[PDB]
Amino acid sequence: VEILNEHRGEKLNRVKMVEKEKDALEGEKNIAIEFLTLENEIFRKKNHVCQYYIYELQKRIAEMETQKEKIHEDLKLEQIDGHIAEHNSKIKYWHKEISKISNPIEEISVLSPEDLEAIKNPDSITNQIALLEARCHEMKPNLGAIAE
Amino acid sequence: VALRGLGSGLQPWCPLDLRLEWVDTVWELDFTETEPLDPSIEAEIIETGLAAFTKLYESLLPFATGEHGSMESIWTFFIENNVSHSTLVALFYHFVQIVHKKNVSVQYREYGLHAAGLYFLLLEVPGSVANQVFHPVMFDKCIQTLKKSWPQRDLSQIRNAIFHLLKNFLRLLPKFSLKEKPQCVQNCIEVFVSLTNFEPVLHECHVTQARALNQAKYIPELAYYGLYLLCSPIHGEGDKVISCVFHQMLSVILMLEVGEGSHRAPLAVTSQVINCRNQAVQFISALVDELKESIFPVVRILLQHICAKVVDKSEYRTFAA
Amino acid sequence: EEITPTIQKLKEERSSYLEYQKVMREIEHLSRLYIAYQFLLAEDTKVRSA
Amino acid sequence: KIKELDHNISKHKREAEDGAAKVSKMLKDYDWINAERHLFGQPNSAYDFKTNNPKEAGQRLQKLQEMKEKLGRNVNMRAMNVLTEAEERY
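Protein chains in written order, with the authors' numbering: chain D, 274 to 347, 1016 to 1043, 1050 to 1095; chain C, 2 to 153, 207 to 375; chain X, 201 to 250; chain U, 909 to 998.
See below:
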């Protein structure tokens, strides 16, 4: 029975005879999964920045509605030109339905006149898409971390 | 003789027992394999043979040149005559599938390679790509048949058909951009590497992007022409393509056979491969004059690979020196 | 018989990815159809505006 | 009045070119002059996609296919490497 038991101890050995290949593979795929969560967060920031672009457009829309309403209060065709450019910017407003993850798509941040423009912060334009490109180049994702 | 030439090419090539349903099934079989064609259609192809292929060539030459590359072109003439270009592509790919088998007679190999050349000529018409003609799997298979046309005066006919197909593909290559298809880079450069070892090339070749189709009658020279075409960033995108091609030539630079490792036997010392390595150095030097920037770190990485993988043979040491 | 389910799984992965690339090519050509129509609308807007 | 409308028309005409979001610059980029009229046969509609308001198509299906970022391309590479290992093991 002990000789039979020996091979059972050997069975306990070769269920995981080395374990380092699987640990390294699950470590690499865990790095991939953490890259997926981090790239999701940077992608959420990119959705926020595109939402800053839609709110820059819409805030500009509201301000020029105020100025064309002042023109109408005071000249008719100048108000009409303000209305035309406002409707052109509302036509360009289609990007408000940011289809990247739709969420930061309609959700605004706190500082609407200052933090909710994308053209005034090119670092937010550049560094986030650079981080997203570096991660999506270095993703190789798999649930083999969780599976292994 | 353009419309009448296209018609004259079309009577052997638009038969009475033409299966468009076979063409459609091969189209939805993802162009991986071809079932055997009809006896009638292949009988009408052979009833005149490669002369019918040259008749199709002079049928397509005014259309491919551009004086009939217009609205009055292949597509409208095919619409008014109820002709498909997809069935011609299927005939070409079945000839390719014939060439894929090893124990195949020489005339079938010539028919397949000239059929793929006529396919590339049909691809050469601008705006014909958008009309559902190009498919990547059959294109990769017809690229693979350049390697697979060896039998596994036959060889002169085989190399003439290979020469005509390579002329048509190298003519098609400046029009086409390899931006969306980096898989050919591995595939077609691998068939270039396999097709270097066909004939000894006596003279050192100065390789540019202006070598004519019939100027280089040697397959290593045409392969070097294709590689120098592929050095452009439109065709070679990023440094991954350059590293892949550098690892590709690394095998032939090392004076060794195809393969990797010490199990692979060293090549015999022959002056033909000395001439080939001098052509490789001249072509690499032509690549250096042009890049004068990117080539330096990539060839340093290739030199790191060279220092990693050495063979201690005094003749090999002299050649590498 | 242990690597054969792994072989079958990898064959499923490559066949699925081949279907995904066919989906990419098909809907890419579907977008290319309106890219052609967008060329037409561009030419129409230029000609109409001039 | 009509001169101000003509200024609007001229602004639209000059705004056709020189923009990726605009219409004539992408004509310049592609150089799709293999059709002078860029319709072929009959034009279907402007409903499957839209030029002025993009991202309204089966690009939702493109993105739904792009839910996964996993590179199953080497297994799908036509070197048939996993089935090459299968055939070598057989």
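Beta carbons: idealized from backbone N, C-alpha and C, even for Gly.
With a CB to CB cut of under 7 Å and the five nearest residues on each side skipped, what residues in its chain are close to residue i?
| i | result |
| --- | --- |
| residue 358 (chain C) | none |
| residue 79 (chain C) | 85 and 86 |
| residue 136 (chain C) | 32 |
| residue 957 (chain U) | 964 and 965 |
| residue 74 (chain C) | 64 |
| residue 277 (chain D) | none |
| residue 339 (chain D) | none |
| residue 222 (chain C) | 118, 121 and 122 |
| residue 20 (chain C) | 39 |
| residue 208 (chain C) | 107 |
| residue 248 (chain C) | 148 |
Chain X partners of residue i, CB-CB under 7 Å?
| i | result |
| --- | --- |
| residue 956 (chain U) | 234 |
| residue 928 (chain U) | In chain order: nothing, as chain X lies at least about 12 Å away. |
Can you tell me whether residue i is buried or exposed, with buried defined as 16 or more other CB within 10 angstroms of its CB?
| i | result |
| --- | --- |
| residue 350 (chain C) | exposed |
| residue 113 (chain C) | buried |
| residue 141 (chain C) | buried |
| residue 309 (chain C) | buried |
| residue 239 (chain C) | buried |
| residue 938 (chain U) | exposed |
| residue 125 (chain C) | buried |
| residue 129 (chain C) | buried |
| residue 247 (chain X) | exposed |
| residue 279 (chain C) | buried |
| residue 200 (chain C) | Since the numbering of chain C jumps from 153 to 207, residue 200 (chain C) cannot be located in this structure. |
| residue 27 (chain C) | buried |
| residue 297 (chain D) | exposed |
| residue 302 (chain D) | buried |
| residue 77 (chain C) | exposed |
Tell me which same chain residues have a C-beta within less than 6 Å of the C-beta of residue i, skipping the five on either side of it?
| i | result |
| --- | --- |
| residue 983 (chain U) | 990 |
| residue 245 (chain X) | none |
Would the beta-carbon of residue i fall within 8 Å of that of residue j?
| i | j | result |
| --- | --- | --- |
| residue 282 (chain C) | residue 262 (chain C) | yes |
| residue 966 (chain U) | residue 230 (chain X) | yes |
| residue 84 (chain C) | residue 224 (chain C) | no |
| residue 227 (chain X) | residue 970 (chain U) | yes |
| residue 86 (chain C) | residue 149 (chain C) | no |
| residue 329 (chain C) | residue 254 (chain C) | yes |
| residue 246 (chain C) | residue 277 (chain C) | yes |
| residue 24 (chain C) | residue 116 (chain C) | no |
| residue 97 (chain C) | residue 146 (chain C) | yes |
| residue 1039 (chain D) | residue 1089 (chain D) | no |
| residue 14 (chain C) | residue 89 (chain C) | yes |
| residue 1032 (chain D) | residue 952 (chain U) | no |
| residue 285 (chain D) | residue 1086 (chain D) | no |
| residue 981 (chain U) | residue 217 (chain X) | yes |
| residue 53 (chain C) | residue 42 (chain C) | no |
| residue 207 (chain X) | residue 994 (chain U) | yes |
| residue 341 (chain D) | residue 1024 (chain D) | yes |
| residue 333 (chain C) | residue 259 (chain C) | yes |
| residue 342 (chain C) | residue 293 (chain C) | no |
| residue 1030 (chain D) | residue 1072 (chain D) | no |
| residue 328 (chain D) | residue 1055 (chain D) | yes |
Run down chain U in chain order and give the residues with a C-beta less than 7 Å from the C-beta of residue i.
| i | result |
| --- | --- |
| residue 1086 (chain D) | 977 |
| residue 1083 (chain D) | 977 |
| residue 63 (chain C) | Going along chain U, no residue has its Cβ under 7 Å from residue 63 (chain C), so there is no contact; the nearest lies around 17 Å. |
| residue 303 (chain D) | Here the premise fails: no neighbours, minimum Cβ distance about 15 Å. |
| residue 127 (chain C) | 942 |
| residue 1089 (chain D) | 978 |
Under 8 Å between beta-carbons, which chain C residues line up against residue i? List them in chain order, please.
| i | result |
| --- | --- |
| residue 968 (chain U) | Residues of chain C passing the Cβ test: none, with the nearest at roughly 21 Å. |
Report the neighbours of residue i on chain A: residues whose CB is nearer than 9 Å to its CB, in chain order.
| i | result |
| --- | --- |
| residue 912 (chain U) | Here chain A cannot be found, since the structure's protein chains are D, C, X and U. |
Going along the chain, which residues of its own chain have a beta-carbon closer than 8 Å to the beta-carbon of residue i, five neighbours each way excluded?
| i | result |
| --- | --- |
| residue 320 (chain C) | 309, 310, 311, 365, 367 and 370 |
| residue 331 (chain C) | 306, 307, 309 and 373 |
Mind listing the chain U neighbours of residue i? Cutoff is C-beta to C-beta under 9 Å, in chain order.
| i | result |
| --- | --- |
| residue 223 (chain X) | 969, 970 and 973 |
| residue 243 (chain X) | 931, 932, 935, 944, 945 and 946 |
| residue 313 (chain D) | Here the premise fails: no neighbours, minimum Cβ distance about 10 Å. |
| residue 1072 (chain D) | What residue 1072 (chain D) touches in chain U: nothing, since even the nearest Cβ is about 15 Å away. |
| residue 1093 (chain D) | Within 9 Å Cβ-Cβ: nothing; residue 1093 (chain D) doesn't reach chain U, min ~13 Å. |
Residue i versus chain X: which residues are under 8 Å apart at the beta carbon?
| i | result |
| --- | --- |
| residue 91 (chain C) | Within 8 Å Cβ-Cβ: nothing; residue 91 (chain C) doesn't reach chain X, min ~18 Å. |
| residue 44 (chain C) | Residues of chain X passing the Cβ test: none, with the nearest at roughly 34 Å. |
Name, please, each residue of chain D whose Cβ falls closer than 8 Å to the Cβ of residue i.
| i | result |
| --- | --- |
| residue 961 (chain U) | 1032 and 1035 |
Anything in chain U within Cβ reach of residue i, meaning under 8 Å, just list it in chain order.
| i | result |
| --- | --- |
| residue 201 (chain X) | Under the 8 Å cutoff, chain U gives no residues; its nearest Cβ is about 11 Å from residue 201 (chain X). |
| residue 1040 (chain D) | 963, 967, 968 and 971 |
| residue 1025 (chain D) | 916 |
- Secondary structure, alpha helix (DSSP H): runs of 4+ residues fully inside the stretch 50 to 92 of chain C: The stretch 50 to 92 of chain C contains these whole alpha helix (DSSP H) runs: 51 to 66 and 75 to 81.
- Query: Which residue spans inside the stretch 226 to 283 of chain C form an unbroken alpha helix (DSSP H) run of at least 4?
  - Reply: Correct list: 237 to 250.
- Query: Which whole runs of the beta strand (DSSP E) in the stretch 910 to 995 of chain U are 3 residues long or more, in chain order?
  - Reply: Runs of the beta strand (DSSP E) spanning 3 or more residues and lying entirely within the stretch 910 to 995 of chain U do not occur at all.
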